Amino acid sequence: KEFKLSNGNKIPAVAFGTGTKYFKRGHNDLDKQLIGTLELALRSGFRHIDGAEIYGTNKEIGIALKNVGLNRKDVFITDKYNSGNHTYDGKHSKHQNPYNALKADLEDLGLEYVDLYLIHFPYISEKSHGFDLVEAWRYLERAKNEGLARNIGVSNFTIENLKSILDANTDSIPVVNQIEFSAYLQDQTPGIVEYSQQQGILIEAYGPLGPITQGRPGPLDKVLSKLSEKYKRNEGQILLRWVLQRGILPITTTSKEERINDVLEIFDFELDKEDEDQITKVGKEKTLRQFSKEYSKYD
């Protein structure tokens, strides 16, 4: 039920997300349904919630955590610095740097620390932020040494984006690179999963159900239909299990109770190597990219 990070710290192997579906669009009101669903998820056995400054859902996470009252050490919380989009237009975190942003978010969360803190997107430059990408990492390093983030990482980084940090003289290296990853998207940017895995950086996969949520009709429908019958598992479940068997941590979300339990049952079964391999092969027949579409030139 968990992965082990580079530094030996454990991370629960499925996460409940609070972006996409729940991402606030021109309001800051509490999302009461979300808080409800977070409670249900935690009480059902989720122990890893994926959040971000830009989502506007960090308050909800903190309320749900307080209402459930799990031991703090048993829960794994991710937050992310709103670094901005690929235009470097300056539309990003309202705080002066990632360290001050994480501090403000911790107040929204009602927590002493997050378990993982990420640079959300790799578009940081002095002209747009007052600091460059490696100094943003340095802020993350201050947060880590201070105790404000147990682990630090990145998101939506290419290999060259990773090299900016690894090649600098730094205290530590990212332990996670959270990217879009699904059977229809096996490499968000070229060689990223393979390069990261070889360096010991854990890949977390968001948008893992793309094939099913936005990818129908496509070449996986026939394959998933057959394995659903054979495993007595639904297609969402097969896809997520398959992500796990690639050594990747899937991040999903839902507003439906029955799906909370579907997701948590991905650890009660195994796909035969041959069936895993057919998903990976047939996956490659179609390309589906839902996020970070500046990367679409690679498709």
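Residue indices: 1-based, along the sequence shown.
A summary of the deposited B-factors shows that, of 255-263 and 53-61, the stretch with the larger mean C-alpha value is 255-263. As the entry records it, the average C-alpha temperature factor is higher for 21-29, out of 280-288 and 21-29. In this entry, the residue among 73, 120, 163, 86 with the greatest C-alpha B factor is 73. Highest CA B-factor among the listed residues (187, 221, 204, 79): 221. In this PDB entry, the Cα temperature factor of residue 249 sits in the bottom third of its chain's modelled residues, the lowest group. Sort the chain's modelled residues by C-alpha temperature factor and residue 239 lands in the middle third, per the entry. Residue 130: CA B factor lies in the highest third for its chain, per the PDB record. The entry lists a Cα temperature factor for residue 154 that places it in the lowest third of the chain's modelled residues. In the PDB entry, a CA B factor belonging to the middle third of its chain's modelled residues is recorded for residue 105.
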